[PDB]
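Asker: Data: data-v2.cif, mmCIF, C-alpha atoms and all ligand atoms.
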data_coords
loop_
_atom_site.group_PDB
_atom_site.id
_atom_site.type_symbol
_atom_site.label_atom_id
_atom_site.label_comp_id
_atom_site.auth_asym_id
_atom_site.auth_seq_id
_atom_site.Cartn_x
_atom_site.Cartn_y
_atom_site.Cartn_z
ATOM 1 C CA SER L 104 0.000 0.000 0.000
ATOM 2 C CA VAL L 105 0.978 3.651 -0.454
ATOM 3 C CA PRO L 106 2.437 5.577 2.515
ATOM 4 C CA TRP L 107 0.935 8.964 3.415
ATOM 5 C CA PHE L 108 2.069 11.982 1.408
ATOM 6 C CA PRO L 109 0.907 15.623 1.251
ATOM 7 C CA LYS L 110 -1.813 16.401 -1.296
ATOM 8 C CA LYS L 111 -1.676 20.160 -0.807
ATOM 9 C CA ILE L 112 0.808 22.756 0.465
ATOM 10 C CA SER L 113 -0.880 23.016 3.877
ATOM 11 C CA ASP L 114 -0.524 19.264 4.463
ATOM 12 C CA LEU L 115 3.174 19.839 5.198
ATOM 13 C CA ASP L 116 2.139 20.751 8.759
ATOM 14 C CA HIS L 117 1.907 17.026 9.488
ATOM 15 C CA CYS L 118 5.478 16.142 8.464
ATOM 16 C CA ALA L 119 7.578 19.245 9.224
ATOM 17 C CA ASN L 120 8.050 18.385 12.918
ATOM 18 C CA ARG L 121 10.297 15.319 12.585
ATOM 19 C CA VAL L 122 13.685 14.996 14.298
ATOM 20 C CA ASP L 138 28.009 25.531 25.522
ATOM 21 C CA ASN L 139 25.121 26.694 27.726
ATOM 22 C CA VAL L 140 24.040 29.903 25.985
ATOM 23 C CA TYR L 141 24.194 28.285 22.541
ATOM 24 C CA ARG L 142 21.963 25.362 23.550
ATOM 25 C CA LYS L 143 19.159 27.624 24.774
ATOM 26 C CA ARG L 144 19.570 29.653 21.592
ATOM 27 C CA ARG L 145 19.253 26.482 19.501
ATOM 28 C CA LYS L 146 16.188 25.337 21.438
ATOM 29 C CA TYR L 147 14.706 28.787 20.828
ATOM 30 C CA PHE L 148 14.987 28.409 17.049
ATOM 31 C CA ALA L 149 13.655 24.853 17.250
ATOM 32 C CA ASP L 150 10.614 26.087 19.179
ATOM 33 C CA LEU L 151 9.849 28.695 16.518
ATOM 34 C CA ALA L 152 9.905 26.102 13.736
ATOM 35 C CA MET L 153 7.921 23.529 15.712
ATOM 36 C CA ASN L 154 5.013 25.899 16.362
ATOM 37 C CA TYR L 155 4.981 27.186 12.786
ATOM 38 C CA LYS L 156 1.889 26.426 10.705
ATOM 39 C CA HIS L 157 1.314 26.932 6.978
ATOM 40 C CA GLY L 158 0.049 30.426 6.206
ATOM 41 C CA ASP L 159 1.857 31.979 9.152
ATOM 42 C CA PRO L 160 4.454 34.626 8.407
ATOM 43 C CA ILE L 161 7.884 33.194 9.219
ATOM 44 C CA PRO L 162 8.783 34.701 12.628
ATOM 45 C CA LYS L 163 11.312 37.524 12.346
ATOM 46 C CA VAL L 164 14.406 36.976 14.464
ATOM 47 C CA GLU L 165 16.827 39.445 16.026
ATOM 48 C CA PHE L 166 20.183 37.741 15.540
ATOM 49 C CA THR L 167 22.945 38.334 18.076
ATOM 50 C CA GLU L 168 26.195 40.073 17.152
ATOM 51 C CA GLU L 169 28.153 36.818 17.431
ATOM 52 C CA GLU L 170 25.671 35.252 15.019
ATOM 53 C CA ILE L 171 25.846 38.280 12.720
ATOM 54 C CA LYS L 172 29.654 38.284 12.913
ATOM 55 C CA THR L 173 29.609 34.572 12.074
ATOM 56 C CA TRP L 174 27.354 35.186 9.079
ATOM 57 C CA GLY L 175 29.510 38.169 8.171
ATOM 58 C CA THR L 176 32.673 36.063 8.198
ATOM 59 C CA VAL L 177 31.242 33.261 6.049
ATOM 60 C CA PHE L 178 29.454 35.701 3.714
ATOM 61 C CA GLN L 179 32.529 37.900 3.241
ATOM 62 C CA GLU L 180 34.885 35.006 2.499
ATOM 63 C CA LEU L 181 32.509 33.067 0.231
ATOM 64 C CA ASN L 182 31.939 36.168 -1.901
ATOM 65 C CA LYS L 183 35.667 36.121 -2.615
ATOM 66 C CA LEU L 184 35.272 32.620 -4.059
ATOM 67 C CA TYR L 185 31.921 32.833 -5.871
ATOM 68 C CA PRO L 186 33.088 34.685 -9.020
ATOM 69 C CA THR L 187 35.636 31.951 -9.799
ATOM 70 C CA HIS L 188 33.727 28.982 -8.363
ATOM 71 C CA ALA L 189 29.960 29.510 -8.559
ATOM 72 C CA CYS L 190 27.858 28.825 -11.657
ATOM 73 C CA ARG L 191 26.580 31.711 -13.796
ATOM 74 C CA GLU L 192 23.012 31.376 -12.478
ATOM 75 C CA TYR L 193 24.204 31.700 -8.880
ATOM 76 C CA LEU L 194 26.208 34.818 -9.722
ATOM 77 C CA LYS L 195 23.179 36.140 -11.607
ATOM 78 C CA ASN L 196 20.674 35.934 -8.751
ATOM 79 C CA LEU L 197 22.946 36.646 -5.773
ATOM 80 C CA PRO L 198 22.996 40.420 -6.376
ATOM 81 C CA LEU L 199 19.191 40.333 -6.616
ATOM 82 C CA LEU L 200 19.100 38.971 -3.065
ATOM 83 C CA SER L 201 21.365 41.718 -1.734
ATOM 84 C CA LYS L 202 19.191 44.377 -3.362
ATOM 85 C CA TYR L 203 15.845 43.028 -2.147
ATOM 86 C CA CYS L 204 16.464 40.726 0.824
ATOM 87 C CA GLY L 205 19.206 42.537 2.731
ATOM 88 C CA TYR L 206 22.142 40.212 2.087
ATOM 89 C CA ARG L 207 24.985 42.005 3.881
ATOM 90 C CA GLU L 208 28.013 41.339 6.070
ATOM 91 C CA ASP L 209 26.324 43.174 8.944
ATOM 92 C CA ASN L 210 22.843 41.749 8.393
ATOM 93 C CA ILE L 211 21.375 38.252 8.406
ATOM 94 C CA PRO L 212 18.428 38.041 5.963
ATOM 95 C CA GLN L 213 15.036 37.020 7.357
ATOM 96 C CA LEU L 214 13.521 33.754 6.124
ATOM 97 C CA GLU L 215 10.202 35.544 5.610
ATOM 98 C CA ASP L 216 11.676 38.171 3.280
ATOM 99 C CA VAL L 217 13.571 35.735 1.047
ATOM 100 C CA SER L 218 10.504 33.474 1.024
ATOM 101 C CA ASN L 219 8.437 36.370 -0.313
ATOM 102 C CA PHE L 220 11.160 36.999 -2.887
ATOM 103 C CA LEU L 221 11.126 33.380 -4.068
ATOM 104 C CA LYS L 222 7.337 33.520 -4.397
ATOM 105 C CA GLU L 223 7.587 36.338 -6.943
ATOM 106 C CA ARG L 224 10.522 34.737 -8.745
ATOM 107 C CA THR L 225 9.817 31.000 -8.927
ATOM 108 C CA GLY L 226 6.788 30.433 -6.714
ATOM 109 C CA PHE L 227 9.016 28.706 -4.176
ATOM 110 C CA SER L 228 8.465 29.367 -0.480
ATOM 111 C CA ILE L 229 10.304 28.737 2.772
ATOM 112 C CA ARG L 230 9.177 26.817 5.857
ATOM 113 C CA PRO L 231 11.207 27.055 9.054
ATOM 114 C CA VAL L 232 12.358 23.636 10.253
ATOM 115 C CA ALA L 233 13.952 22.597 13.551
ATOM 116 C CA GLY L 234 16.423 20.150 12.029
ATOM 117 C CA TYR L 235 16.719 17.175 9.697
ATOM 118 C CA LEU L 236 13.551 15.754 8.197
ATOM 119 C CA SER L 237 13.326 12.333 6.581
ATOM 120 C CA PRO L 238 14.220 12.472 2.870
ATOM 121 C CA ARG L 239 10.609 11.559 2.043
ATOM 122 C CA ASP L 240 9.159 14.421 4.093
ATOM 123 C CA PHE L 241 11.771 16.873 2.822
ATOM 124 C CA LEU L 242 11.341 15.952 -0.844
ATOM 125 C CA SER L 243 7.566 16.045 -0.361
ATOM 126 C CA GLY L 244 7.955 19.735 0.441
ATOM 127 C CA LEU L 245 9.767 20.328 -2.848
ATOM 128 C CA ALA L 246 6.768 18.863 -4.683
ATOM 129 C CA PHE L 247 4.847 21.977 -3.648
ATOM 130 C CA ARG L 248 7.909 24.189 -4.135
ATOM 131 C CA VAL L 249 8.452 24.522 -0.390
ATOM 132 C CA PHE L 250 11.986 24.482 0.992
ATOM 133 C CA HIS L 251 12.433 23.568 4.655
ATOM 134 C CA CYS L 252 15.054 25.903 6.125
ATOM 135 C CA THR L 253 16.939 26.002 9.409
ATOM 136 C CA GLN L 254 16.807 29.392 11.104
ATOM 137 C CA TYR L 255 19.778 29.207 13.480
ATOM 138 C CA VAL L 256 23.364 30.246 12.765
ATOM 139 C CA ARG L 257 26.353 27.887 12.950
ATOM 140 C CA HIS L 258 28.605 27.911 16.014
ATOM 141 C CA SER L 259 31.323 30.578 15.942
ATOM 142 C CA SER L 260 34.089 27.993 16.467
ATOM 143 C CA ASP L 261 34.111 26.918 12.819
ATOM 144 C CA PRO L 262 32.507 29.220 10.210
ATOM 145 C CA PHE L 263 34.415 27.445 7.430
ATOM 146 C CA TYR L 264 32.479 24.195 7.846
ATOM 147 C CA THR L 265 29.582 22.791 9.877
ATOM 148 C CA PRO L 266 28.343 19.168 10.131
ATOM 149 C CA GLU L 267 24.704 20.277 9.825
ATOM 150 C CA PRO L 268 22.601 22.861 7.964
ATOM 151 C CA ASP L 269 22.330 26.362 9.401
ATOM 152 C CA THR L 270 20.622 29.514 8.135
ATOM 153 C CA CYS L 271 23.855 30.431 6.323
ATOM 154 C CA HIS L 272 23.653 27.200 4.332
ATOM 155 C CA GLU L 273 20.043 27.890 3.390
ATOM 156 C CA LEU L 274 20.496 31.572 2.515
ATOM 157 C CA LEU L 275 23.838 31.413 0.695
ATOM 158 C CA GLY L 276 23.664 27.859 -0.626
ATOM 159 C CA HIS L 277 20.060 27.148 -1.592
ATOM 160 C CA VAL L 278 18.152 30.429 -1.961
ATOM 161 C CA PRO L 279 20.061 31.983 -4.901
ATOM 162 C CA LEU L 280 19.458 28.951 -7.142
ATOM 163 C CA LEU L 281 15.855 28.490 -6.000
ATOM 164 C CA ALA L 282 15.318 31.887 -7.631
ATOM 165 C CA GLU L 283 16.291 30.314 -10.961
ATOM 166 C CA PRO L 284 13.256 28.949 -12.891
ATOM 167 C CA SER L 285 15.151 26.061 -14.504
ATOM 168 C CA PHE L 286 16.615 25.012 -11.152
ATOM 169 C CA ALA L 287 13.266 25.598 -9.438
ATOM 170 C CA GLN L 288 11.624 23.208 -11.894
ATOM 171 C CA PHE L 289 14.409 20.654 -11.398
ATOM 172 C CA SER L 290 13.971 20.687 -7.618
ATOM 173 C CA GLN L 291 10.179 20.334 -7.700
ATOM 174 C CA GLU L 292 10.275 17.436 -10.166
ATOM 175 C CA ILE L 293 12.546 15.524 -7.802
ATOM 176 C CA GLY L 294 9.963 16.279 -5.133
ATOM 177 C CA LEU L 295 7.015 15.367 -7.349
ATOM 178 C CA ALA L 296 8.728 12.075 -8.185
ATOM 179 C CA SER L 297 9.113 11.349 -4.473
ATOM 180 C CA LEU L 298 5.402 11.648 -3.652
ATOM 181 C CA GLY L 299 4.079 8.293 -2.466
ATOM 182 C CA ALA L 300 7.089 6.554 -3.995
ATOM 183 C CA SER L 301 8.595 3.391 -2.520
ATOM 184 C CA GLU L 302 11.266 3.610 0.189
ATOM 185 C CA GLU L 303 13.870 2.411 -2.313
ATOM 186 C CA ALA L 304 12.761 5.024 -4.844
ATOM 187 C CA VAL L 305 12.817 7.870 -2.313
ATOM 188 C CA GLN L 306 16.374 7.004 -1.248
ATOM 189 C CA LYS L 307 17.526 6.865 -4.873
ATOM 190 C CA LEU L 308 15.925 10.262 -5.460
ATOM 191 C CA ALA L 309 17.410 11.547 -2.203
ATOM 192 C CA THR L 310 20.898 10.543 -3.346
ATOM 193 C CA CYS L 311 20.441 12.173 -6.755
ATOM 194 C CA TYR L 312 19.163 15.278 -4.963
ATOM 195 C CA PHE L 313 22.224 15.150 -2.705
ATOM 196 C CA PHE L 314 24.789 15.050 -5.515
ATOM 197 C CA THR L 315 23.049 17.778 -7.501
ATOM 198 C CA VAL L 316 21.211 20.301 -5.333
ATOM 199 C CA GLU L 317 23.496 19.924 -2.313
ATOM 200 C CA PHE L 318 26.854 18.872 -3.780
ATOM 201 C CA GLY L 319 26.568 19.114 -7.563
ATOM 202 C CA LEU L 320 29.054 20.464 -10.087
ATOM 203 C CA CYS L 321 28.258 21.817 -13.549
ATOM 204 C CA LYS L 322 30.126 22.435 -16.802
ATOM 205 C CA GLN L 323 29.852 25.972 -18.174
ATOM 206 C CA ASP L 324 31.947 27.217 -21.105
ATOM 207 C CA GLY L 325 34.268 24.255 -20.602
ATOM 208 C CA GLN L 326 34.783 25.091 -16.935
ATOM 209 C CA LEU L 327 33.758 23.227 -13.792
ATOM 210 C CA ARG L 328 31.450 25.370 -11.667
ATOM 211 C CA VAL L 329 29.654 24.824 -8.375
ATOM 212 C CA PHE L 330 25.890 24.828 -7.877
ATOM 213 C CA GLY L 331 25.835 22.428 -4.935
ATOM 214 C CA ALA L 332 24.283 24.244 -1.980
ATOM 215 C CA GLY L 333 26.352 22.358 0.592
ATOM 216 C CA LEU L 334 29.438 23.468 -1.316
ATOM 217 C CA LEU L 335 28.397 27.086 -1.917
ATOM 218 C CA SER L 336 27.985 27.689 1.818
ATOM 219 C CA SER L 337 31.211 26.008 2.909
ATOM 220 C CA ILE L 338 34.388 28.060 2.489
ATOM 221 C CA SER L 339 36.700 25.065 2.785
ATOM 222 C CA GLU L 340 34.850 22.509 0.651
ATOM 223 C CA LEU L 341 34.020 25.038 -2.084
ATOM 224 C CA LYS L 342 37.749 25.490 -2.640
ATOM 225 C CA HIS L 343 38.279 21.742 -2.256
ATOM 226 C CA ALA L 344 35.662 20.856 -4.882
ATOM 227 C CA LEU L 345 37.381 22.780 -7.691
ATOM 228 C CA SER L 346 40.943 22.329 -6.417
ATOM 229 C CA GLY L 347 41.562 19.351 -8.694
ATOM 230 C CA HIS L 348 42.263 17.058 -5.754
ATOM 231 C CA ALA L 349 38.638 15.893 -5.796
ATOM 232 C CA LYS L 350 37.130 12.905 -7.607
ATOM 233 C CA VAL L 351 34.815 13.831 -10.475
ATOM 234 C CA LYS L 352 32.239 11.767 -12.381
ATOM 235 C CA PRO L 353 29.547 12.610 -14.943
ATOM 236 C CA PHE L 354 26.052 12.897 -13.464
ATOM 237 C CA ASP L 355 24.191 9.688 -14.269
ATOM 238 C CA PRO L 356 21.152 8.966 -12.056
ATOM 239 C CA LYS L 357 21.406 5.156 -12.217
ATOM 240 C CA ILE L 358 25.043 5.341 -11.100
ATOM 241 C CA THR L 359 24.844 8.518 -9.001
ATOM 242 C CA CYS L 360 22.021 7.122 -6.840
ATOM 243 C CA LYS L 361 24.289 4.266 -5.760
ATOM 244 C CA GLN L 362 26.839 6.620 -4.199
ATOM 245 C CA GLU L 363 27.071 6.886 -0.408
ATOM 246 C CA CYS L 364 26.219 10.283 1.091
ATOM 247 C CA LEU L 365 28.734 11.419 3.712
ATOM 248 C CA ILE L 366 28.126 13.764 6.646
ATOM 249 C CA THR L 367 30.551 15.788 8.808
ATOM 250 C CA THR L 368 33.152 15.421 6.049
ATOM 251 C CA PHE L 369 33.982 16.481 2.517
ATOM 252 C CA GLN L 370 32.392 14.289 -0.147
ATOM 253 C CA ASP L 371 34.587 11.563 -1.645
ATOM 254 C CA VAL L 372 33.305 12.265 -5.154
ATOM 255 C CA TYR L 373 31.395 14.990 -7.006
ATOM 256 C CA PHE L 374 29.060 14.589 -9.981
ATOM 257 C CA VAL L 375 29.033 16.946 -12.964
ATOM 258 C CA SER L 376 25.827 17.835 -14.796
ATOM 259 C CA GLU L 377 25.876 19.417 -18.253
ATOM 260 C CA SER L 378 23.154 21.850 -17.183
ATOM 261 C CA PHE L 379 20.086 22.180 -14.952
ATOM 262 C CA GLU L 380 17.760 21.195 -17.796
ATOM 263 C CA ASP L 381 20.132 18.339 -18.592
ATOM 264 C CA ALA L 382 20.019 17.171 -14.977
ATOM 265 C CA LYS L 383 16.242 17.572 -15.158
ATOM 266 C CA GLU L 384 15.941 15.441 -18.304
ATOM 267 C CA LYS L 385 18.200 12.726 -16.891
ATOM 268 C CA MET L 386 16.002 12.620 -13.786
ATOM 269 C CA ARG L 387 12.760 12.392 -15.776
ATOM 270 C CA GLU L 388 14.171 9.372 -17.575
ATOM 271 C CA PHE L 389 15.301 7.871 -14.257
ATOM 272 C CA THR L 390 12.069 8.318 -12.285
ATOM 273 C CA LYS L 391 10.182 6.245 -14.839
ATOM 274 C CA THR L 392 12.547 3.331 -14.170
ATOM 275 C CA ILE L 393 11.681 3.345 -10.458
HETATM 276 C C1 LIG J 401 20.056 9.329 0.836
HETATM 277 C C2 LIG J 401 19.922 10.667 1.734
HETATM 278 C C3 LIG J 401 19.721 11.989 1.259
HETATM 279 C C4 LIG J 401 19.670 12.801 2.437
HETATM 280 N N1 LIG J 401 19.834 11.991 3.469
HETATM 281 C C5 LIG J 401 19.852 12.415 4.903
HETATM 282 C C6 LIG J 401 18.723 12.201 5.707
HETATM 283 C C7 LIG J 401 18.730 12.590 7.043
HETATM 284 CL CL1 LIG J 401 17.315 12.323 8.041
HETATM 285 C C8 LIG J 401 19.851 13.186 7.585
HETATM 286 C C9 LIG J 401 20.996 13.403 6.778
HETATM 287 C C10 LIG J 401 20.993 13.015 5.448
HETATM 288 C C11 LIG J 401 22.304 13.271 4.542
HETATM 289 O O1 LIG J 401 23.035 14.288 5.081
HETATM 290 C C12 LIG J 401 22.780 15.569 4.510
HETATM 291 C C13 LIG J 401 23.546 16.660 4.856
HETATM 292 C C14 LIG J 401 23.247 17.903 4.258
HETATM 293 C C15 LIG J 401 24.099 19.198 4.618
HETATM 294 C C16 LIG J 401 24.309 20.175 3.653
HETATM 295 C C17 LIG J 401 25.055 21.310 3.968
HETATM 296 C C18 LIG J 401 25.582 21.458 5.228
HETATM 297 C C19 LIG J 401 26.423 22.740 5.585
HETATM 298 C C20 LIG J 401 27.878 22.703 4.954
HETATM 299 N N2 LIG J 401 28.557 21.557 5.407
HETATM 300 C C21 LIG J 401 28.635 23.944 5.385
HETATM 301 O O2 LIG J 401 29.771 23.831 5.970
HETATM 302 O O3 LIG J 401 28.142 25.080 5.170
HETATM 303 C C22 LIG J 401 25.367 20.468 6.198
HETATM 304 C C23 LIG J 401 24.632 19.351 5.889
HETATM 305 N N3 LIG J 401 22.264 17.986 3.407
HETATM 306 C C24 LIG J 401 21.556 16.924 3.103
HETATM 307 N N4 LIG J 401 20.495 17.040 2.176
HETATM 308 N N5 LIG J 401 21.814 15.727 3.653
HETATM 309 C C25 LIG J 401 23.180 12.021 4.474
HETATM 310 F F1 LIG J 401 23.288 11.472 5.707
HETATM 311 F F2 LIG J 401 22.643 11.123 3.622
HETATM 312 F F3 LIG J 401 24.466 12.375 4.010
HETATM 313 N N6 LIG J 401 19.980 10.724 3.060
HETATM 314 FE FE FE J 402 20.792 21.966 2.030
#
Mind converting the file's structure to structure tokens?
Answerer:
Amino acid sequence: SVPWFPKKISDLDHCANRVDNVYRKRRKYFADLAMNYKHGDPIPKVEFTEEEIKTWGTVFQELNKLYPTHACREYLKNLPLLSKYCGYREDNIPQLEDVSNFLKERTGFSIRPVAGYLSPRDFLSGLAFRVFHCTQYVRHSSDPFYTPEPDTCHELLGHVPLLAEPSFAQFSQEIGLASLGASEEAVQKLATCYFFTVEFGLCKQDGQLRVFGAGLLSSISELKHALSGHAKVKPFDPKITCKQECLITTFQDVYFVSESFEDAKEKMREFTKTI
């Protein structure tokens, strides 16, 4: 029989809640905000602390040094749009509500604040309705270069700029749409393909390797590592790519290169029929 899946955007209420002293209370605070959030609510505006803003400022400042030579053209295209409309600055952390409103005008995507990791099924189910579950907290100040879990920096600098791109927006949703009510095996295959594209993908533009992986675009160290030449590279092929192990708390052992977003989209459409 078919497992439960959302049939409308508001149904995501039923799946979004899955799962240093001052930092812990701060983290619980953000978790509480996401937990009590219901569809239709404005995403609660948060006054970030200076340490959090300085952390964002450090990551943001350093990544912007790398983006022109590392990021794909679409990322570099939409990133200034975010700084002109959503307050992307070194001294200011953008609000999830504002960028969500921006995405609505651009690609119809929206943001939903989430406490932490959701199951791949629940997360991909959100994409089916062009909803991206975002963490609202900032990474610990100890290591701004890399963090073993998503933070608001990862969402805002990694995911948001490409979600504003129609071709990429379509690609993301179709992965989500494919996931709806799919078998456990199918969801995991889709989740792995999502992982090595949306989160850690590489693309070929004008003969050059560029980064569109969100997990890469928000990590100072791995972004450099991905294009250094010391990394393992393979062509994106869903049947093969979906068999690759997804690593956490570390750099990936291999990266997959797509020809383009529409190319990645077409390869996925072919693949989802097989499963
Ligand atoms: C098959 C499949 C697909 C997904 N999953 C899965 C399921 C659950 Cl419930 C938990 C964990 C995972 C996967 O882990 C991650 C991690 C991240 C991630 C991205 C960026 C950053 C910040 C960056 N390092 C920075 O420094 O900015 C952090 C984390 N993103 C995703 N989508 N998955 C895992 F475990 F498979 F790898 N499984
Ligand atoms: Fe992510």
Asker: Given the file shown, determine the residues that the PyMOL selection byres (((chain L and resi 154) around 12) and not hetatm) selects; report them as a count of residues only.
Answerer: 22
Asker: How many Å lie between CA of residue 163 in chain L and CA of residue 216 in chain L, rounded to one decimal?
Answerer: 9.1 Å
Asker: If you take every atom of ligand LIG 401 (chain J) that the file lists and fit an axis-aligned box around them with 5 Å extra on each side, what centre and edge lengths come out in Å to one decimal, as JSON?
Answerer:
{"center_x": 23.5, "center_y": 17.2, "center_z": 4.4, "size_x": 22.5, "size_y": 25.8, "size_z": 17.2}
Asker: I'd like the neighbourhood of range 316-329 of chain L as a compact mmCIF listing (two decimals) with C-alpha atoms, keeping the file's coordinate frame, where a residue qualifies if any of its atoms comes within 6 Å (using only C-alpha atoms), though same-chain residues fewer than 4 positions away should be ignored.
Answerer:
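around.txt was written with the following content:
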# COMPACT_ATOMS: atom_id res chain seq x y z
CA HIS L 188 33.73 28.98 -8.36
CA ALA L 189 29.96 29.51 -8.56
CA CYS L 190 27.86 28.82 -11.66
CA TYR L 312 19.16 15.28 -4.96
CA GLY L 333 26.35 22.36 0.59
CA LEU L 334 29.44 23.47 -1.32
CA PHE L 374 29.06 14.59 -9.98
CA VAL L 375 29.03 16.95 -12.96
CA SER L 376 25.83 17.84 -14.80
CA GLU L 377 25.88 19.42 -18.25
Asker: The PyMOL selection byres (((chain L and resi 112) around 8) and not hetatm) on the file shown: which residues, as a PyMOL selection string?
Answerer: chain L and resi 109-111+113-115+157+244+247+249
Asker: Rank L:187, L:336, L:225, L:291 by their smallest atom-to-atom distance to ligand FE 402 (chain J), using only C-alpha atoms and all ligand atoms, and report the top residue only.
Answerer: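 Residue with the minimum atom-to-atom distance to ligand FE 402 (chain J): L:336.
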Asker: Since I can't run it myself right now, could you work out what the PyMOL selection byres (((chain L and resi 290) around 10) and not hetatm) selects here and report it as an MDAnalysis selection string?
Answerer: chainID L and resid 242 245:246 248:250 280:281 284:289 291:295 312 315:316 379 383
Asker: If I take CA of residue 365 in chain L and CA of residue 270 in chain L, how far is one from the other in Å, to one decimal?
Answerer: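 The value is 20.3 Å.
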Asker: At what distance in Å, to one decimal, does atom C23 of ligand LIG 401 (chain J) lie from CA of residue 279 in chain L?
Answerer: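 Atom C23 of ligand LIG 401 (chain J) lies 17.2 Å from CA of residue 279 in chain L.
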Asker: Kindly work out which residues sit at most 7 Å from ligand FE 402 (chain J), using only C-alpha atoms and all ligand atoms, and give the list as number ranges by chain.
Answerer: L: 268, 272-273, 277, 317, 332-333
Asker: I'd like to know which of L:282, L:214, L:304, L:164 is closest to ligand LIG 401 (chain J), using only C-alpha atoms and all ligand atoms.
Answerer: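 Distance minimum relative to ligand LIG 401 (chain J) lands on L:304.
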Asker: So which residues are near ligand LIG 401 (chain J), meaning at most 8 Å away with only C-alpha atoms and all ligand atoms counted, given back as a VMD selection string?
Answerer: chain L and resid 122 235 to 238 262 to 269 271 to 272 276 306 to 310 312 to 313 317 to 318 332 to 340 363 to 369
Asker: Counting only C-alpha atoms, figure out which residue out of L:223, L:283, L:302, L:118 gets nearest to residue 380 in chain L.
Answerer: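 The shortest atom-to-atom distance to residue 380 in chain L comes from L:283.
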Asker: Which residue out of L:251, L:241, L:260, L:106 has the minimum interatomic distance to residue 170 in chain L when all atoms listed in the file are used?
Answerer: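 Selected residue with least distance to residue 170 in chain L: L:260.
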Asker: Considering all atoms listed in the file, can you say which of L:357, L:382, L:196, L:331 comes closest to residue 345 in chain L?
Answerer: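 Closest residue, counting all atoms listed in the file: L:331.
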Asker: Which of these, L:174, L:381, L:158, L:360, has the shortest distance to residue 258 in chain L once you count only C-alpha atoms?
Answerer: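 The answer is L:174, which sits nearest to residue 258 in chain L.
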Asker: Within 10 Å of residue 207 in chain L, counting only C-alpha atoms, which residues show up once you throw out same-chain ones fewer than 4 positions away? Write them as a list in words, please.
Answerer: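 So, after excluding close chain neighbours, the residues are residues 171, 174, 175, 178, 179, 200, 201, 202, 211 and 212 of chain L.
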